[PDB]
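Visitor: First the structure, which I've put down as structure tokens, then a few questions once you've had a look.
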Amino acid sequence: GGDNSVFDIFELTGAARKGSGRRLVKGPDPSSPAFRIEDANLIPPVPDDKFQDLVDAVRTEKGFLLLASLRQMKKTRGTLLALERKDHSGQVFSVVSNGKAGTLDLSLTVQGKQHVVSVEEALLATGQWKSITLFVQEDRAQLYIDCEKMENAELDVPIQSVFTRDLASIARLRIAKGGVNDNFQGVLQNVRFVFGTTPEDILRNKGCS
Numbered sequence: 007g008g009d010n011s012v013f014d015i016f017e018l019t020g021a022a023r024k025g026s027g028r029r030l031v032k033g034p035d036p037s038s039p040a041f042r043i044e045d046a047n048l049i050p051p052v053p054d055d056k057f058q059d060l061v062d063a064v065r066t067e068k069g070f071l072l073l074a075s076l077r078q079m080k081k082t083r084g085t086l087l088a089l090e091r092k093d094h095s096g097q098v099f100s101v102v103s104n105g106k107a108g109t110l111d112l113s114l115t116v117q118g119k120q121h122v123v124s125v126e127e128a129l130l131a132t133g134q135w136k137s138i139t140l141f142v143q144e145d146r147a148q149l150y151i152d153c154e155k156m157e158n159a160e161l162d163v164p165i166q167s168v169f170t171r172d173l174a175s176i177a178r179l180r181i182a183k184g185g186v187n188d189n190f191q192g193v194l195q196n197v198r199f200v201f202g203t204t205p206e207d208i209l210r211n212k213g214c215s
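Pasting the structure below:
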């Protein structure tokens, strides 16, 4: 894309610098840190200014590409990221690797109503490294798992419905944290939003990292 088109969430949080809530370990990418989650509550939020730039990119594109590498404990339901209200009253968006259901769940809360959909046949919690590419556009979600599998789902509302002009003033982006007892268990690496590019381009670059 153009200006501010790649957002690496762990870099933005400063998690690599701050010794709290994780252990730095190896991952598929030999050139970047990987994060074994210990206490997700202690991993800093994305700063407000950075988050508002992300929000504006999503609202502009009417969607996003989200890349992540994960090594998740079997049969666990683990939040990849969530947008949490600063008043502690709940989340407005999350992406959960649901190892209890074998799905990737996408939740949006708009106008007081929670809407959740499962991308089915997306068993990501295997105790082994997996790479995903999630492409959300309008009310459509398409998930590519490693370089072998595509699974799709339809959202009840367009993705941009949640991503408002002043969202950063009322909510924060948290990594690996969400729900009740749904913090991520395992390791994450290279959790990145990418704009102005297609899954086709990512997968040929072998973003099946």
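When we follow the entry's author numbering, the leftmost residue of the sequence shown carries the number 7, and every step to the right adds one. All residues carry an ideal CB built from backbone N, CA and C; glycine is no exception.
Please name the residue, chosen from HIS94, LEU89, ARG23, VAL168, that lies closest to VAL102 on a Cα-to-Cα basis.
Guide: Locating residue 102 in the sequence shown gives position 96, counting from the first residue. For the residues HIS94, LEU89, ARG23, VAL168, the minimum Cα distance to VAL102 belongs to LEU89.
Visitor: Do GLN117 and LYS68 have their C-beta atoms within less than 9 Å of each other?
Guide: The count along the sequence shown starts at 1 and reaches residue 117 at position 111. The count along the sequence shown starts at 1 and reaches residue 68 at position 62. Result no, Cβ atoms of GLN117 and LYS68 do not sit closer than 9 Å.
Visitor: Quick check on DSSP: helix, strand or coil for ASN104?
Guide: As a position in the sequence shown, residue 104 is number 98, starting the count at 1. Strand at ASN104.
Visitor: Please determine if the segment 141-156 and the segment 62-80 are in contact, where contact requires at least 3 C-beta pairs separated by less than 8 Å.
Guide: Result yes; three or more Cβ-Cβ pairs closer than 8 Å.
Visitor: How far does the alpha helix (DSSP H) with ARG65 in it reach, from first residue to last?
Guide: Sequence index remark: in the sequence shown, residue 65 carries index 59 (1-based). Its alpha helix (DSSP H) spans residues 54-67.
Visitor: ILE208 lies in the alpha helix (DSSP H); which residues open and close that run?
Guide: Taking the first residue of the sequence shown as position 1, residue 208 is located at position 202. Element bounds for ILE208: 205-210.
Visitor: Could you name the residues that DSSP lists as bridge partners for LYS119?
Guide: Taking the first residue of the sequence shown as position 1, residue 119 is located at position 113. Looking at the DSSP assignment, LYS119 forms a beta bridge with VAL116.
Visitor: Looking at C-alpha atoms only, which residue of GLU127, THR139, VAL98 is the closest neighbour of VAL163?
Guide: Within the sequence shown, numbered from 1, the residue matching residue 163 stands at position 157. When each option's Cα is compared against that of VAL163, the closest is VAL98.
Visitor: Can you give me the C-alpha to C-alpha distance between residue 233 and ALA182, rounded to a whole angstrom?
Guide: The chain is shown only over 7 to 215; residue 233 falls outside these bounds and no answer can be derived.
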